[PDB]
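Novice: This is the structure, below, for whatever I ask next.
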Amino acid sequence: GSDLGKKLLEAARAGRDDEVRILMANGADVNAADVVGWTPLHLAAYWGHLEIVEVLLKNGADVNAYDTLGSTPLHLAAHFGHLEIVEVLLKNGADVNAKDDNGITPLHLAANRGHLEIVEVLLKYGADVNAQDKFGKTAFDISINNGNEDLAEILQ
Amino acid sequence: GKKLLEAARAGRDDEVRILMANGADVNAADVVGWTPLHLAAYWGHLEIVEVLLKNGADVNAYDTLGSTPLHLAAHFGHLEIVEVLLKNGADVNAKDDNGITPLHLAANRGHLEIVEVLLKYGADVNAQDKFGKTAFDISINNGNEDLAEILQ
Amino acid sequence: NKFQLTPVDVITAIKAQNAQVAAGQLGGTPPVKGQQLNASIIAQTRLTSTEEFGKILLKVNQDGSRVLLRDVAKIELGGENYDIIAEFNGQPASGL
Amino acid sequence: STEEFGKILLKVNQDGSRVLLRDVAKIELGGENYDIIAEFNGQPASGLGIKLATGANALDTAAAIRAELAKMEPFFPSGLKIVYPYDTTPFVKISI
Amino acid sequence: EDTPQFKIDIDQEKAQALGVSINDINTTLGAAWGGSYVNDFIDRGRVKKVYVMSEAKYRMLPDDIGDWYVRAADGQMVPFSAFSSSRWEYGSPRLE
Amino acid sequence: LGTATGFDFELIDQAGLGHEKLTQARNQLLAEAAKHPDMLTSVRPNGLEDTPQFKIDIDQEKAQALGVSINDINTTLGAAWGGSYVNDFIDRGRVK
Amino acid sequence: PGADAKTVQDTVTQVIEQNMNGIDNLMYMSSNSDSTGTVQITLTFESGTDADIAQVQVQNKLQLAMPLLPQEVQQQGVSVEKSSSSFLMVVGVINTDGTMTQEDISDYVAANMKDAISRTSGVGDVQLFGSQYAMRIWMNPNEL
Amino acid sequence: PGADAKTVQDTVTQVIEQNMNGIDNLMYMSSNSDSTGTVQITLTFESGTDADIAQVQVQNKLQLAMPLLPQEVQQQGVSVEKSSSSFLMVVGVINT
Amino acid sequence: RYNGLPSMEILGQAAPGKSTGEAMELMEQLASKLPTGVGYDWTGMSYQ
Amino acid sequence: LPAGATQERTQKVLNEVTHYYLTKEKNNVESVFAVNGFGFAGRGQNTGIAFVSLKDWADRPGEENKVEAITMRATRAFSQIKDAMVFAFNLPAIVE
C-alpha cells in the first residue's frame with residue numbers, strides 16, 4: 001500500500017474525477033488495495049462513479065480483482081444497480097460468472113435486488129443461469145422467494 | 001319493536017303495556033338474538049316477563065348461541081321468573097349450542113330453590129353438556145355439598 | 001407428594017387459572033363494512049373467592065380422577081403478612 | 001418493507017417446500033389503530049389536537065407551534081397543506 | 001350504558017386432556033381478535049410498530065371463533081370449539 | 001463554553017432520504033463551500049466517514065433444516081464476538 | 001391492546017390508583033377504564049400547586065406500579081402529562097391534489113410533524129387525529 | 001455491548017428520542033450512535049432553566065421508554081446526567 | 001441526529017476579513033441549492 | 001352514539017352534522033373538522049367530535065349570528081337525529 005495509492009483509493013471512492021485524472025498521470029498504483037482487498041475499481045464500482053471506472057480500466061486496473069471474500073467489481077456494480085458500469089466492466093473482460101467465497105455471482109446479486117436490466121445484460125454476456133450458491137440456490141430461486149414475478153419470467 | 005326491546009330492558013312497566021297496545025312485535029330481537037323476554041329475564045323484571053307472556057311471546061325464544069330466557073333466569077337466580085316461565089311451557093330441558101341446560105346454570109351458581117323448581121318441572125339430571133358434565137358433576141367440583149345431595 | 005406435585009405445579013396452575021385475559025372484539029376496527037355487531041370478547045377473569053381457588057385443576061389422573069388445589073392445600077383469606085398484631089387496651093385492634 | 005416480511009420463513013415442509021408468512025397472511029402498511037378518522041369540510045384529513053401545558057402562555061405557545069410548522073412546510077410532499085380548523089388563540093389576541 | 005359482550009369459557013380439563021396449552025389458547029384468541037404488538041421495524045428511516053391480527057373477515061362473527069386452531073403438544077390441530085363454550089352477557093364499556 | 005470560533009451548522013434529512021443520500025448532499029455542500037475560499041474556510045464534517053464492515057447473513061432455511069435455532073446462532077455470535085454481560089458477582093464486598 | 005374495560009380496570013387502573021398516595025395538594029382523583037383498552041387517570045391539584053412538582057410526585061408513585069403492570073401495557077408506553085383538558089388548537093392537514101389518502105396523511109403527520117410539535121415548550125399534550133403506519137400482518141386462520 | 005452504530009440508533013436512540021415529549025424549555029436535542037455500542041443524547045435548555053427540573057423531566061420521560069429498549073440495554077442501564085458542568089480537577093493515579 | 005431527524009454536523013469559519021454573519025449567509029445560500037428533502041439548522045455558538 | 005354502535009353509523013351521524021354547518025350556516029361557518037372515533041371522554045367506535053370555525057366577527061352582525069344562537073339552532077336541528085346524542089355548545093368563559 002503506497003502513498004499515492006492511498007490517495008487513489010480515496011479519490012475513486014469520493015468520485016473526484018479531476019483528482020483521479022492527475023493521479024493517473026503521476027502513476028498512482030491502480031492495483032492499490034485496502035485491508036479488505038478493495039481496489040480503486042472496487043470503490044468506484046461500489047459507489048457508482050462511471051467515469052472513474054472507465055479511466056481506471058484505460059490505465060491497467062485489474063477488471064477481475066477480488067477482495068478477501070472473493071468479490072469482484074462486477075459483483076458490486078450488479079448488486080447496487082449500476083447499469084452502465086456493469087456494461088463497461090463486461091466489455092472490458094469482467095468474468096460474468098465469477099463466484100465469491102459463498103458461491104454467489106453477479107447474477108444472484110442483481111436478481112436479489114431486483115435489477116431487471118442488469119440481469120438481462122448479465123444474461124446477454126453469458127451469465128450461467130443455473131449457477132448455484134453455497135446453499136444450492138439459483139437466481140431463479142432468489143426471484144421466486146422474493147416474489148418477483150417480472151424477474152421470475154425473465155429467468156423462465 | 002326496538003322501543004319494546006329497550007323498554008323491557010329498562011323495566012318500564014307501562015311503556016311495555018303501551019307499546020304492545022300499539023302493536024309492537026312481542027318477539028322482536030336485537031343483534032344477538034335476544035327478545036324482550038330474554039331482556040326481562042336477565043335483569044329481573046317479573047312484571048314485564050308476565051305481560052310479555054300474556055301477549056303471546058315465545059317462551060322458548062333462543063338467542064344466537066341457543067340460550068333461552070329460562071337459561072338466563074336460572075343462571076341469575078330469578079326464582080319468581082323461573083316458575084312463571086315454566087308455567088307457560090318453557091323447555092325445562094333446553095340446550096344451548098354448548099349443550100348447557102338451565103339446571104347446569106342454576107347448579108353452577110348455587111341457586112338451590114331454583115334447582116328444586118327446575119327438578120319438579122322434570123329437568124334431566126343426567127343431561128350432559130359438550131364436555132359430558134351433569135349438574136351433579138358441577139356440584140361435586142364446586143364443593144357445594146348441599147346441592148350435591150339434593151341431586152340424589 | 002401423594003399426587004407427585006410440587007409448588008411449581010401449584011404456581012403454574014394459579015397463573016393459568018387465575019387470569020384476566022385481553023381477548024379482543026367481534027366487529028372491531030378495521031371492520032368489514034356492513035358489520036352490525038360490535039362486542040367485547042370476555043375470556044378468563046380473575047377469581048374472586050376461596051371456592052374458586054379451591055377448584056383450580058392441578059391435574060387429571062390416568063384413571064379419570066381429578067386433583068384440585070383444595071386437595072393439596074388449605075384455602076382462605078388471610079394477611080399478606082402476619083408480622084404485625086396490635087391491641088387497644090388489651091383488646092384486638094388495628095390502626096393507622 | 002412488506003416484501004421482506006412476506007418472505008419470513010415459518011417452516012419448511014416434509015417435501016422441503018417453503019411456507020412463507022405471505023402464505024398465511026396479507027401484509028401491508030396500515031395504522032397502529034383504525035379508530036380515528038378525520039375530515040376537513042368533507043375532505044380526507046389528519047391533524048394534531050394540541051393541549052396547552054399547565055400554566056403556559058397560550059399566545060406564546062401558538063407562536064412556537066407556528067414557527068415549528070413553518071420549518072416543516074418546504075419538505076412537504078406535493079399537495080400537502082396545513083389548514084387551521086380550530087384555534088382558541090386568535091380570540092385572545094384580537095379581543096385584547 | 002352496559003352492552004352485550006361475548007363471554008367465552010376455556011374448559012381447563014379438556015385443554016389438559018387434548019394437550020393444548022392455555023398460553024397458546026390465550027395468545028391465539030387475543031392475537032387474532034385483539035391484535036398483538038410484536039416488535040418494531042424501520043419504515044423510511046423511522047422506527048415503527050409491527051402488528052399481528054386476524055384479517056377483518058375472520059373476526060366479525062361469533063361462529064368465526066371455531067375457525068381458529070391451536071396446535072396440541074402431540075402435533076394435532078384443535079379447533080377452539082373443542083375446548084370452549086360461550087354465551088351472551090351484559091357488561092360495561094366504560095368503568096368510572 | 002467549549003470553542004466559540006466559527007460556525008456550527010446542521011445538515012438535516014427532512015424526508016426519508018437516508019444516510020447515503022445525506023452523505024451525498026453533505027459532499028455537495030462541502031464542494032460548493034470550498035469554492036469560496038474568499039468567504040468560507042476550513043469547512044468540514046464534525047463526524048466520521050463510512051468504513052468497511054463485515055456483513056454476515058444467516059440462512060434461515062438451512063438453519064431450520066439442520067435444526068439449529070436462530071437464538072442459539074445469534075447468541076453464539078454475539079456473546080463470542082461481541083461479549084455478553086451475564087450477571088453480577090461480589091468481589092471483596094463490592095458488586096461487580 | 002384488545003382489553004375490555006374490566007380487564008383494564010382490574011389489571012391496570014386499580015393498581016396505579018392504589019399506588020397514588022403521599023401526593024401533596026391533591027384535591028381529588030378520577031379515572032375511566034374502557035373497552036378500547038384505554039385508561040386515563042386524572043389527578044387534580046390545589047390552585048398554586050407547582051405543576052412540575054405535581055408531575056414529579058405523580059410519576060414517582062407510578063414507577064412503583066409499573067413493574068406490576070402487564071407487559072403489553074408497559075410496551076404501549078404509559079404517559080404522565082400536565083396540561084389543560086380542552087384543546088388549545090387543532091392543526092389540520094389535507095392534500096389538495098388528492099394524491100394522499102386519509103391514512104397516508106395521518107402517517108405523514110405522525111412520522112414527520114408530531115414529535116417536533118410534542119417537544120415544543122408549552123405543549124402539554126398532542127392528539128393525532130389518525131394513526132402512524134405499522135407493519136400490518138393480517139392473519140388467515142384457514143391457511144394457518 | 002457489541003452493537004454497531006445502526007443497531008444502537010434504531011433500537012435505542014430513536015426510541016428514546018421519540019419519547020422526549022412534554023419537557024419544558026427545550027432549545028434543541030442532538031445525538032450520535034456509534035459502533036463502540038454507545039449512544040449519547042444531549043438536550044439543551046433555555047438559559048435560566050432550572051437544571052434540576054430539566055434533568056428530572058428528561059429522566060422521567062426516559063424511565064417510561066425503558067420497556068421499549070433492548071433487554072441488554074435495560075440491563076446496562078441508561079444514565080441521565082447534567083452535561084454542561086466542567087471539571088475542577090483531574091486526579092491521575094499511576095503505577096510505576 | 002438533530003432534533004430527532006438524521007443529521008450531519010458541519011463546522012467552519014469566515015475567511016480572514018469576513019464576518020461569521022457573512023459566512024453563515026453564504027452557507028444558507030449554498031444550503032438552498034441542495035437536493036429535495038435536505039434541510040438545515042444552526043446550532044450551538046451559531047444559535048447563540 | 002350508544003355503546004355497541006358501529007364506526008359506520010357514527011360516520012353517518014357526523015355526515016349529517018357536517019352537512020348542516022355546510023348548508024344551513026353558510027354565512028357563519030368557515031370550516032368543519034370532524035373526527036370519527038374521538039370524543040371528549042375518549043376513543044370509541046360510537047363517539048365523535050366536530051370542531052367548527054366561524055367567519056370573522058365582522059361578517060357575523062347581530063345576535064342571530066353569534067355562537068349562542070348558532071349552537072342553539074344547531075342543537076335544535078340535531079335533536080331530530082335518531083339514536084344519537086348530538087349537541088353544539090359554546091365553551092364557557094373560563095372552563096373548570
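Each chain of the C-alpha cells is named A, B, ... in the order shown, its residues numbered from 1; ligands are numbered from 1 in display order.
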Please provide as an MDAnalysis selection string all residues within 12 Å of region 24-29 of chain J, with the sequence filter that same-chain residues fewer than 3 positions apart are discarded (counting only C-alpha atoms).

Specialist: (chainID D and resid 41 85:86) or (chainID J and resid 16:21 32:33 51:67 69:71 73:74 77)

Novice: For residue 46 (chain G), work out the shell of residues within 8 Å, counting only C-alpha atoms and skipping chain neighbours fewer than 2 positions away, then give it as a PyMOL selection string.

Specialist: chain G and resi 25-27+44+48-49

Novice: Could I get the residues of chain E with an atom no further than 9 Å from an atom of chain G, each paired with its nearest atom pair and that distance in Å to one decimal, using only C-alpha atoms, sorted by chain and residue number, as a tab-separated table?

Specialist:
residue	atom	partner	partner_atom	distance
E:30	CA	G:2	CA	6.9
E:31	CA	G:2	CA	8.4
E:32	CA	G:139	CA	7.4
E:33	CA	G:2	CA	7.5
E:34	CA	G:2	CA	4.1
E:35	CA	G:2	CA	6.4
E:36	CA	G:1	CA	7.2
E:37	CA	G:72	CA	7.8
E:40	CA	G:135	CA	8.6
E:41	CA	G:135	CA	7.5
E:43	CA	G:134	CA	8.5
E:46	CA	G:111	CA	7.2
E:48	CA	G:134	CA	5.9
E:49	CA	G:134	CA	4.9
E:50	CA	G:135	CA	4.6
E:51	CA	G:136	CA	5.2
E:52	CA	G:137	CA	4.7
E:53	CA	G:138	CA	5.3
E:54	CA	G:139	CA	4.5
E:55	CA	G:138	CA	4.5
E:56	CA	G:138	CA	7.9
E:58	CA	G:140	CA	7.2
E:67	CA	G:141	CA	6.5
E:68	CA	G:141	CA	5.5
E:69	CA	G:141	CA	7.3
E:91	CA	G:6	CA	8.6
E:92	CA	G:5	CA	6.8
E:93	CA	G:35	CA	4.9
E:94	CA	G:34	CA	4.3
E:95	CA	G:33	CA	5.2
E:96	CA	G:32	CA	4.7

Novice: For N, CA and C atoms, I'd like the residues from the last selection saved as an mmCIF file, in the first residue's frame.

Specialist:
data_model
loop_
_atom_site.group_PDB
_atom_site.id
_atom_site.type_symbol
_atom_site.label_atom_id
_atom_site.label_comp_id
_atom_site.auth_asym_id
_atom_site.auth_seq_id
_atom_site.Cartn_x
_atom_site.Cartn_y
_atom_site.Cartn_z
ATOM 1 N N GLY E 30 -56.389 -13.810 21.653
ATOM 2 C CA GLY E 30 -56.050 -12.402 21.755
ATOM 3 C C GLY E 30 -55.288 -11.814 20.570
ATOM 4 N N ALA E 31 -54.292 -12.533 20.055
ATOM 5 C CA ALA E 31 -53.567 -12.029 18.873
ATOM 6 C C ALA E 31 -54.530 -11.889 17.703
ATOM 7 N N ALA E 32 -55.426 -12.857 17.546
ATOM 8 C CA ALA E 32 -56.335 -12.839 16.409
ATOM 9 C C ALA E 32 -57.427 -11.769 16.514
ATOM 10 N N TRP E 33 -58.157 -11.757 17.622
ATOM 11 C CA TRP E 33 -59.326 -10.883 17.687
ATOM 12 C C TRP E 33 -58.983 -9.532 18.303
ATOM 13 N N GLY E 34 -57.846 -9.467 18.990
ATOM 14 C CA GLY E 34 -57.469 -8.237 19.661
ATOM 15 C C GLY E 34 -56.267 -7.544 19.039
ATOM 16 N N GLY E 35 -55.376 -8.327 18.443
ATOM 17 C CA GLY E 35 -54.177 -7.786 17.838
ATOM 18 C C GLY E 35 -53.033 -7.863 18.839
ATOM 19 N N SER E 36 -51.811 -7.927 18.343
ATOM 20 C CA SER E 36 -50.662 -8.076 19.208
ATOM 21 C C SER E 36 -49.482 -7.267 18.678
ATOM 22 N N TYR E 37 -48.978 -6.359 19.495
ATOM 23 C CA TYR E 37 -47.771 -5.605 19.144
ATOM 24 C C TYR E 37 -46.546 -6.493 19.295
ATOM 25 N N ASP E 40 -40.620 -4.033 16.702
ATOM 26 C CA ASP E 40 -40.515 -2.839 15.870
ATOM 27 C C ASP E 40 -39.864 -3.155 14.530
ATOM 28 N N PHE E 41 -40.111 -2.316 13.531
ATOM 29 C CA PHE E 41 -39.394 -2.383 12.257
ATOM 30 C C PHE E 41 -39.078 -0.947 11.809
ATOM 31 N N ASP E 43 -39.316 2.018 8.999
ATOM 32 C CA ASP E 43 -40.035 2.473 7.795
ATOM 33 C C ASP E 43 -39.491 3.828 7.361
ATOM 34 N N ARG E 46 -37.599 5.574 9.980
ATOM 35 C CA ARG E 46 -38.252 5.759 11.276
ATOM 36 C C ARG E 46 -38.693 4.440 11.928
ATOM 37 N N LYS E 48 -40.948 2.053 13.752
ATOM 38 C CA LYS E 48 -42.413 1.935 13.840
ATOM 39 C C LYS E 48 -42.799 0.527 14.318
ATOM 40 N N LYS E 49 -44.087 0.292 14.547
ATOM 41 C CA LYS E 49 -44.515 -0.972 15.126
ATOM 42 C C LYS E 49 -44.875 -2.062 14.104
ATOM 43 N N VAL E 50 -44.874 -3.295 14.583
ATOM 44 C CA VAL E 50 -45.335 -4.439 13.835
ATOM 45 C C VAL E 50 -46.512 -5.123 14.550
ATOM 46 N N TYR E 51 -47.651 -5.239 13.874
ATOM 47 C CA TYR E 51 -48.828 -5.842 14.479
ATOM 48 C C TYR E 51 -49.341 -7.090 13.772
ATOM 49 N N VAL E 52 -49.756 -8.064 14.570
ATOM 50 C CA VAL E 52 -50.323 -9.294 14.071
ATOM 51 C C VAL E 52 -51.776 -9.328 14.550
ATOM 52 N N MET E 53 -52.691 -9.754 13.691
ATOM 53 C CA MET E 53 -54.115 -9.709 13.979
ATOM 54 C C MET E 53 -54.816 -10.502 12.895
ATOM 55 N N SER E 54 -56.002 -11.022 13.192
ATOM 56 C CA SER E 54 -56.853 -11.574 12.141
ATOM 57 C C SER E 54 -57.190 -10.525 11.093
ATOM 58 N N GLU E 55 -57.238 -10.966 9.844
ATOM 59 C CA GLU E 55 -57.804 -10.172 8.789
ATOM 60 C C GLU E 55 -59.265 -9.954 9.139
ATOM 61 N N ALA E 56 -59.793 -8.760 8.842
ATOM 62 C CA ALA E 56 -61.126 -8.344 9.284
ATOM 63 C C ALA E 56 -62.217 -9.420 9.122
ATOM 64 N N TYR E 58 -62.240 -12.562 9.214
ATOM 65 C CA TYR E 58 -62.245 -13.718 10.099
ATOM 66 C C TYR E 58 -62.466 -13.372 11.588
ATOM 67 N N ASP E 67 -63.235 -21.313 13.778
ATOM 68 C CA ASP E 67 -62.334 -21.421 12.628
ATOM 69 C C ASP E 67 -60.857 -21.295 13.012
ATOM 70 N N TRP E 68 -60.586 -20.902 14.252
ATOM 71 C CA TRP E 68 -59.202 -20.797 14.695
ATOM 72 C C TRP E 68 -58.751 -22.058 15.423
ATOM 73 N N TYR E 69 -57.525 -22.474 15.128
ATOM 74 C CA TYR E 69 -56.990 -23.725 15.642
ATOM 75 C C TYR E 69 -55.713 -23.485 16.406
ATOM 76 N N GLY E 91 -72.213 -6.202 29.984
ATOM 77 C CA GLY E 91 -71.063 -5.665 30.687
ATOM 78 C C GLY E 91 -70.887 -4.188 30.408
ATOM 79 N N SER E 92 -69.946 -3.556 31.107
ATOM 80 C CA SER E 92 -69.726 -2.119 30.945
ATOM 81 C C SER E 92 -68.559 -1.827 30.017
ATOM 82 N N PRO E 93 -68.757 -0.869 29.103
ATOM 83 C CA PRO E 93 -67.694 -0.450 28.180
ATOM 84 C C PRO E 93 -66.919 0.740 28.735
ATOM 85 N N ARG E 94 -67.392 1.313 29.835
ATOM 86 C CA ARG E 94 -66.609 2.365 30.470
ATOM 87 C C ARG E 94 -66.839 2.397 31.991
ATOM 88 N N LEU E 95 -65.842 1.937 32.742
ATOM 89 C CA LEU E 95 -65.970 1.877 34.194
ATOM 90 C C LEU E 95 -65.311 3.089 34.796
ATOM 91 N N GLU E 96 -66.062 3.835 35.600
ATOM 92 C CA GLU E 96 -65.563 5.056 36.226
ATOM 93 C C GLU E 96 -65.129 4.822 37.676
#

Novice: For region 21-31 of chain B, find every residue with an atom within 6 Å (counting only C-alpha atoms), except residues of its own chain fewer than 4 positions away, and show them as a PyMOL selection string.

Specialist: chain B and resi 1+35+57

Novice: Can you tell me which residues surround region 143-154 of chain A at a distance of at most 12 Å, considering only C-alpha atoms, apart from same-chain residues fewer than 4 positions away, and format the answer as an mmCIF file with N, CA, C and O atoms, in the first residue's frame?

Specialist:
data_model
loop_
_atom_site.group_PDB
_atom_site.id
_atom_site.type_symbol
_atom_site.label_atom_id
_atom_site.label_comp_id
_atom_site.auth_asym_id
_atom_site.auth_seq_id
_atom_site.Cartn_x
_atom_site.Cartn_y
_atom_site.Cartn_z
ATOM 1 N N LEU A 107 -25.044 -12.311 -11.030
ATOM 2 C CA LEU A 107 -26.436 -12.586 -11.350
ATOM 3 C C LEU A 107 -27.292 -12.778 -10.083
ATOM 4 O O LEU A 107 -28.351 -12.163 -9.970
ATOM 5 N N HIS A 108 -26.839 -13.618 -9.150
ATOM 6 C CA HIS A 108 -27.516 -13.758 -7.854
ATOM 7 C C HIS A 108 -27.788 -12.389 -7.254
ATOM 8 O O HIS A 108 -28.925 -12.059 -6.882
ATOM 9 N N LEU A 109 -26.736 -11.584 -7.186
ATOM 10 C CA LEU A 109 -26.820 -10.287 -6.534
ATOM 11 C C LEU A 109 -27.795 -9.353 -7.255
ATOM 12 O O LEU A 109 -28.615 -8.705 -6.607
ATOM 13 N N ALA A 110 -27.723 -9.290 -8.583
ATOM 14 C CA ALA A 110 -28.624 -8.417 -9.345
ATOM 15 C C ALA A 110 -30.070 -8.860 -9.173
ATOM 16 O O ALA A 110 -30.974 -8.035 -9.006
ATOM 17 N N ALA A 111 -30.277 -10.171 -9.211
ATOM 18 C CA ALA A 111 -31.598 -10.726 -9.096
ATOM 19 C C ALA A 111 -32.164 -10.414 -7.716
ATOM 20 O O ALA A 111 -33.328 -10.037 -7.586
ATOM 21 N N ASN A 112 -31.327 -10.551 -6.695
ATOM 22 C CA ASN A 112 -31.758 -10.329 -5.326
ATOM 23 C C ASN A 112 -32.230 -8.909 -5.082
ATOM 24 O O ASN A 112 -33.153 -8.692 -4.306
ATOM 25 N N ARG A 113 -31.612 -7.936 -5.739
ATOM 26 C CA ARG A 113 -32.042 -6.550 -5.542
ATOM 27 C C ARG A 113 -33.069 -6.123 -6.575
ATOM 28 O O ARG A 113 -33.488 -4.972 -6.594
ATOM 29 N N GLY A 114 -33.487 -7.058 -7.423
ATOM 30 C CA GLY A 114 -34.482 -6.764 -8.437
ATOM 31 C C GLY A 114 -34.011 -5.852 -9.565
ATOM 32 O O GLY A 114 -34.781 -5.048 -10.075
ATOM 33 N N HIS A 115 -32.751 -5.976 -9.962
ATOM 34 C CA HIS A 115 -32.221 -5.155 -11.043
ATOM 35 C C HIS A 115 -32.412 -5.844 -12.402
ATOM 36 O O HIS A 115 -31.541 -6.590 -12.874
ATOM 37 N N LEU A 116 -33.564 -5.577 -13.019
ATOM 38 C CA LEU A 116 -34.005 -6.275 -14.229
ATOM 39 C C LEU A 116 -33.080 -6.080 -15.433
ATOM 40 O O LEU A 116 -32.661 -7.057 -16.065
ATOM 41 N N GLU A 117 -32.771 -4.824 -15.755
ATOM 42 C CA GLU A 117 -31.898 -4.508 -16.886
ATOM 43 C C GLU A 117 -30.502 -5.100 -16.713
ATOM 44 O O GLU A 117 -29.874 -5.553 -17.672
ATOM 45 N N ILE A 118 -30.017 -5.094 -15.479
ATOM 46 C CA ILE A 118 -28.699 -5.638 -15.192
ATOM 47 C C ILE A 118 -28.713 -7.157 -15.353
ATOM 48 O O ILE A 118 -27.808 -7.734 -15.969
ATOM 49 N N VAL A 119 -29.743 -7.802 -14.808
ATOM 50 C CA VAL A 119 -29.910 -9.232 -15.032
ATOM 51 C C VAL A 119 -29.855 -9.558 -16.536
ATOM 52 O O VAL A 119 -29.180 -10.500 -16.958
ATOM 53 N N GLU A 120 -30.553 -8.763 -17.338
ATOM 54 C CA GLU A 120 -30.616 -9.006 -18.772
ATOM 55 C C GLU A 120 -29.241 -8.838 -19.436
ATOM 56 O O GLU A 120 -28.815 -9.672 -20.236
ATOM 57 N N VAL A 121 -28.548 -7.762 -19.089
ATOM 58 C CA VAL A 121 -27.194 -7.536 -19.576
ATOM 59 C C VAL A 121 -26.241 -8.674 -19.181
ATOM 60 O O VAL A 121 -25.426 -9.120 -19.998
ATOM 61 N N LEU A 122 -26.350 -9.159 -17.941
ATOM 62 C CA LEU A 122 -25.517 -10.277 -17.497
ATOM 63 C C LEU A 122 -25.856 -11.558 -18.269
ATOM 64 O O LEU A 122 -24.970 -12.346 -18.596
ATOM 65 N N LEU A 123 -27.130 -11.762 -18.581
ATOM 66 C CA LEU A 123 -27.518 -12.938 -19.359
ATOM 67 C C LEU A 123 -26.998 -12.821 -20.799
ATOM 68 O O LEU A 123 -26.512 -13.797 -21.377
ATOM 69 N N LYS A 124 -27.097 -11.613 -21.351
ATOM 70 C CA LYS A 124 -26.582 -11.286 -22.680
ATOM 71 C C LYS A 124 -25.107 -11.661 -22.798
ATOM 72 O O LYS A 124 -24.703 -12.304 -23.761
ATOM 73 N N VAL A 129 -27.213 -19.263 -15.964
ATOM 74 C CA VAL A 129 -28.489 -19.061 -15.313
ATOM 75 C C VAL A 129 -28.784 -20.162 -14.285
ATOM 76 O O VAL A 129 -29.654 -20.011 -13.429
ATOM 77 N N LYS A 137 -28.863 -22.491 -4.218
ATOM 78 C CA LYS A 137 -29.856 -21.600 -4.816
ATOM 79 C C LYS A 137 -29.421 -20.958 -6.137
ATOM 80 O O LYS A 137 -28.261 -20.590 -6.318
ATOM 81 N N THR A 138 -30.376 -20.818 -7.051
ATOM 82 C CA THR A 138 -30.152 -20.104 -8.305
ATOM 83 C C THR A 138 -30.787 -18.723 -8.255
ATOM 84 O O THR A 138 -31.497 -18.379 -7.302
ATOM 85 N N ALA A 139 -30.535 -17.929 -9.287
ATOM 86 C CA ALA A 139 -31.082 -16.593 -9.346
ATOM 87 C C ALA A 139 -32.591 -16.682 -9.510
ATOM 88 O O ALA A 139 -33.330 -15.820 -9.026
ATOM 89 N N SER D 1 -39.683 -3.458 4.663
ATOM 90 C CA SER D 1 -40.740 -3.424 3.661
ATOM 91 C C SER D 1 -41.688 -4.584 3.833
ATOM 92 O O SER D 1 -41.355 -5.572 4.512
ATOM 93 N N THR D 2 -42.866 -4.480 3.217
ATOM 94 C CA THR D 2 -43.778 -5.607 3.195
ATOM 95 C C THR D 2 -43.125 -6.814 2.513
ATOM 96 O O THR D 2 -43.330 -7.944 2.947
ATOM 97 N N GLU D 3 -42.322 -6.585 1.472
ATOM 98 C CA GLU D 3 -41.736 -7.725 0.741
ATOM 99 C C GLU D 3 -40.934 -8.591 1.702
ATOM 100 O O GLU D 3 -41.071 -9.814 1.724
ATOM 101 N N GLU D 4 -40.106 -7.931 2.502
ATOM 102 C CA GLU D 4 -39.249 -8.620 3.447
ATOM 103 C C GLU D 4 -40.056 -9.372 4.499
ATOM 104 O O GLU D 4 -39.675 -10.465 4.901
ATOM 105 N N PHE D 5 -41.168 -8.806 4.950
ATOM 106 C CA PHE D 5 -41.967 -9.515 5.945
ATOM 107 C C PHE D 5 -42.658 -10.701 5.301
ATOM 108 O O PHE D 5 -42.824 -11.756 5.927
ATOM 109 N N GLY D 6 -43.038 -10.521 4.042
ATOM 110 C CA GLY D 6 -43.720 -11.546 3.299
ATOM 111 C C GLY D 6 -42.899 -12.811 3.175
ATOM 112 O O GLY D 6 -43.445 -13.910 3.117
ATOM 113 N N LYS D 7 -41.583 -12.662 3.120
ATOM 114 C CA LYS D 7 -40.759 -13.824 2.866
ATOM 115 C C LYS D 7 -40.195 -14.412 4.144
ATOM 116 O O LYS D 7 -39.352 -15.293 4.083
ATOM 117 N N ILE D 8 -40.674 -13.943 5.297
ATOM 118 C CA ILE D 8 -40.307 -14.571 6.572
ATOM 119 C C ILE D 8 -40.640 -16.065 6.505
ATOM 120 O O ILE D 8 -41.703 -16.443 6.033
ATOM 121 N N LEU D 9 -39.717 -16.916 6.928
ATOM 122 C CA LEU D 9 -39.896 -18.353 6.750
ATOM 123 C C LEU D 9 -40.477 -19.013 7.998
ATOM 124 O O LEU D 9 -39.806 -19.128 9.037
ATOM 125 N N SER D 17 -40.761 -28.137 0.623
ATOM 126 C CA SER D 17 -41.372 -26.885 0.168
ATOM 127 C C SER D 17 -41.416 -25.849 1.298
ATOM 128 O O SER D 17 -41.337 -26.191 2.478
ATOM 129 N N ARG D 18 -41.535 -24.582 0.920
ATOM 130 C CA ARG D 18 -41.418 -23.470 1.856
ATOM 131 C C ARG D 18 -42.765 -22.876 2.238
ATOM 132 O O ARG D 18 -43.558 -22.526 1.365
ATOM 133 N N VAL D 19 -43.008 -22.731 3.536
ATOM 134 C CA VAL D 19 -44.166 -21.980 3.997
ATOM 135 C C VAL D 19 -43.721 -20.585 4.436
ATOM 136 O O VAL D 19 -43.022 -20.436 5.452
ATOM 137 N N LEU D 20 -44.093 -19.571 3.652
ATOM 138 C CA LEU D 20 -43.713 -18.176 3.938
ATOM 139 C C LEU D 20 -44.852 -17.417 4.622
ATOM 140 O O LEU D 20 -46.020 -17.760 4.445
ATOM 141 N N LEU D 21 -44.516 -16.379 5.386
ATOM 142 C CA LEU D 21 -45.530 -15.608 6.103
ATOM 143 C C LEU D 21 -46.623 -15.139 5.142
ATOM 144 O O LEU D 21 -47.785 -15.105 5.507
ATOM 145 N N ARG D 22 -46.248 -14.814 3.903
ATOM 146 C CA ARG D 22 -47.202 -14.256 2.956
ATOM 147 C C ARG D 22 -48.139 -15.368 2.475
ATOM 148 O O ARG D 22 -49.119 -15.112 1.790
ATOM 149 N N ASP D 23 -47.834 -16.602 2.860
ATOM 150 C CA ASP D 23 -48.715 -17.719 2.570
ATOM 151 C C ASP D 23 -49.826 -17.854 3.607
ATOM 152 O O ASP D 23 -50.766 -18.623 3.404
ATOM 153 N N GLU F 61 -33.444 -20.972 6.210
ATOM 154 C CA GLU F 61 -33.872 -22.288 5.739
ATOM 155 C C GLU F 61 -32.894 -23.399 6.091
ATOM 156 O O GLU F 61 -33.294 -24.478 6.522
#

Novice: Rank nothing, just name the residue among H:96, H:59, H:86, H:71 nearest to residue 63 (chain G), using only C-alpha atoms.

Specialist: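 Closest residue, counting only C-alpha atoms: H:59.
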